[PDB]
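Colleague: Have a look at the structure that comes next, please.
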Amino acid sequence: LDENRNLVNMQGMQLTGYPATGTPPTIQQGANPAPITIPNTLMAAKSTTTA
Amino acid sequence: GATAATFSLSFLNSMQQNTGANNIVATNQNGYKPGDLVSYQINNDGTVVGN
């Protein structure tokens, strides 16, 4: 993990992959590849919908 | 005999959700005391940085 909390090799190349979008985030197999970052930010709570 | 430090403090992007406990996650400002050169080097960007 780099200073910007993104995955980078030991040289400085930005690792790329399929972006995760949606609420909750999921995996898209058709989305254009984007750099992968791992923020430490707190995720917001979700209202209960189905039980 | 020094003038007081008048500034603006920002608390935006704060969370009131059920986190269990209250803890500080970040803090920063843009003021520093005078300093002197201790070291320097050259980065791959071509810029010269003096610590």
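Residues in the structure tokens are numbered from 1 in each chain, the chains being A, B, ... in the order shown, and ligands are numbered from 1 in the order shown.
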Only residues of chain A matter here; which ones have an atom within 12 Å of chain B, counting only C-alpha atoms? Give them as a list in words.
Modeller: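 Residues passing the distance filter: residues 11, 12, 40, 41, 42, 43, 44, 45, 46 and 47 of chain A.
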Colleague: Just the residues within 10 Å of residue A:39, please, counting only C-alpha atoms, with nothing from its chain fewer than 2 positions along; format it as a VMD selection string.
Modeller: chain A and resid 4 to 6 36 to 37 41 to 42
Colleague: Using N, CA, C and O atoms, can you export the residues from the last selection as a compact mmCIF listing (two decimals), in the first residue's frame?
Modeller:
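As a result, result_12.txt now contains:
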# COMPACT_ATOMS: atom_id res chain seq x y z
N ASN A 4 -0.94 6.97 -0.57
CA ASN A 4 -2.34 7.24 -0.85
C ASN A 4 -3.24 6.03 -0.61
O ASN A 4 -4.35 5.98 -1.13
N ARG A 5 -2.76 5.05 0.16
CA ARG A 5 -3.50 3.84 0.50
C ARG A 5 -3.87 3.00 -0.72
O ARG A 5 -4.89 2.31 -0.70
N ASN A 6 -3.07 3.05 -1.78
CA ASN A 6 -3.31 2.27 -2.98
C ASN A 6 -2.20 1.24 -3.16
O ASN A 6 -1.06 1.44 -2.75
N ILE A 36 -6.54 0.49 -7.95
CA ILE A 36 -7.14 -0.07 -6.75
C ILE A 36 -6.58 0.66 -5.53
O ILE A 36 -5.37 0.70 -5.32
N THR A 37 -7.48 1.24 -4.73
CA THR A 37 -7.11 1.90 -3.49
C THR A 37 -7.91 1.28 -2.34
O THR A 37 -9.02 0.79 -2.53
N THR A 41 -11.47 4.85 5.57
CA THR A 41 -12.62 5.63 6.02
C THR A 41 -13.73 4.72 6.55
O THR A 41 -13.92 3.60 6.09
N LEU A 42 -14.45 5.24 7.54
CA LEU A 42 -15.56 4.50 8.14
C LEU A 42 -16.75 4.47 7.18
O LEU A 42 -17.15 5.51 6.64
Colleague: Separation of atom CA of residue B:21 and atom CA of residue A:49, in Å?
Modeller: 25.4 Å
Colleague: I'd like the interatomic distance between atom CA of residue A:18 and atom CA of residue A:1, to a tenth of an Å.
Modeller: 17.4 Å
Colleague: If you measure from atom CA of residue A:51 to atom CA of residue B:20, what distance in Å do you get, rounded to one decimal?
Modeller: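 So the two atoms, atom CA of residue A:51 and atom CA of residue B:20, lie 23.3 Å apart.
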Colleague: For stretch 5-10 of chain B, list every protein, DNA or RNA residue within 12 Å, evaluated using only C-alpha atoms, and leave out those in the same chain fewer than 3 positions away; present the list as a list in words.
Modeller: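 In the requested form, the answer reads residues 2, 13, 14, 26, 27, 28, 29, 30 and 31 of chain B.
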Colleague: Output the selection as a short mmCIF file (atom, residue, chain, number, x, y, z; two decimals), in the first residue's frame - N, CA, C and O atoms for each residue.
Modeller:
data_model
loop_
_atom_site.label_atom_id
_atom_site.label_comp_id
_atom_site.auth_asym_id
_atom_site.auth_seq_id
_atom_site.Cartn_x
_atom_site.Cartn_y
_atom_site.Cartn_z
N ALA B 2 2.89 38.38 21.41
CA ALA B 2 2.64 37.86 20.07
C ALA B 2 1.14 37.85 19.80
O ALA B 2 0.34 37.54 20.68
N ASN B 13 -17.71 16.18 7.46
CA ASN B 13 -17.47 14.75 7.23
C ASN B 13 -17.28 14.00 8.55
O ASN B 13 -16.41 13.13 8.67
N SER B 14 -18.09 14.34 9.55
CA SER B 14 -18.11 13.66 10.83
C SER B 14 -19.29 12.70 10.88
O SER B 14 -20.28 12.86 10.15
N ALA B 26 -8.76 11.95 12.87
CA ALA B 26 -7.82 12.76 12.10
C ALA B 26 -7.70 14.15 12.71
O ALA B 26 -8.63 14.64 13.36
N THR B 27 -6.56 14.79 12.47
CA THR B 27 -6.33 16.16 12.90
C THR B 27 -5.15 16.72 12.13
O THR B 27 -4.12 16.06 11.99
N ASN B 28 -5.30 17.95 11.62
CA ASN B 28 -4.22 18.59 10.88
C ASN B 28 -4.44 20.10 10.87
O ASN B 28 -5.54 20.59 11.14
N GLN B 29 -3.37 20.82 10.56
CA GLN B 29 -3.38 22.27 10.44
C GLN B 29 -2.22 22.68 9.55
O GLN B 29 -1.42 21.85 9.13
N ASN B 30 -2.14 23.98 9.26
CA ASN B 30 -1.18 24.51 8.29
C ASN B 30 -0.33 25.61 8.91
O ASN B 30 -0.20 26.72 8.38
N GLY B 31 0.26 25.33 10.06
CA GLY B 31 1.20 26.25 10.68
C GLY B 31 2.40 25.51 11.22
O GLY B 31 2.29 24.38 11.69
#
Colleague: Enumerate the residues of chain B with a DSSP assignment of strand (DSSP E or B), computed from the backbone, and present them as a VMD selection string.
Modeller: chain B and resid 40 to 42 48 to 50
Colleague: How would the residues just chosen look if you wrote them out with N, CA and C atoms as a compact mmCIF listing (two decimals), in the first residue's frame?
Modeller:
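Once written, out.txt looks like this:
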# COMPACT_ATOMS: atom_id res chain seq x y z
N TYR B 40 18.50 16.75 2.46
CA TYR B 40 17.80 16.93 1.20
C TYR B 40 18.22 15.81 0.25
N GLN B 41 17.44 15.65 -0.81
CA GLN B 41 17.69 14.64 -1.83
C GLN B 41 16.92 15.01 -3.09
N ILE B 42 17.00 14.14 -4.10
CA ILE B 42 16.36 14.36 -5.39
C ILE B 42 15.44 13.18 -5.68
N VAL B 48 13.60 19.09 -6.52
CA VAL B 48 14.58 19.08 -5.43
C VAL B 48 13.84 19.41 -4.14
N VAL B 49 13.99 18.54 -3.14
CA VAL B 49 13.25 18.65 -1.88
C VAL B 49 14.25 18.82 -0.75
N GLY B 50 14.04 19.86 0.06
CA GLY B 50 14.91 20.12 1.20
C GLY B 50 14.21 19.94 2.53
Colleague: Counting only C-alpha atoms, which of A:24, A:38, A:50, A:16 gets nearest to residue A:3?
Modeller: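 Closest to residue A:3, using only C-alpha atoms: A:38.
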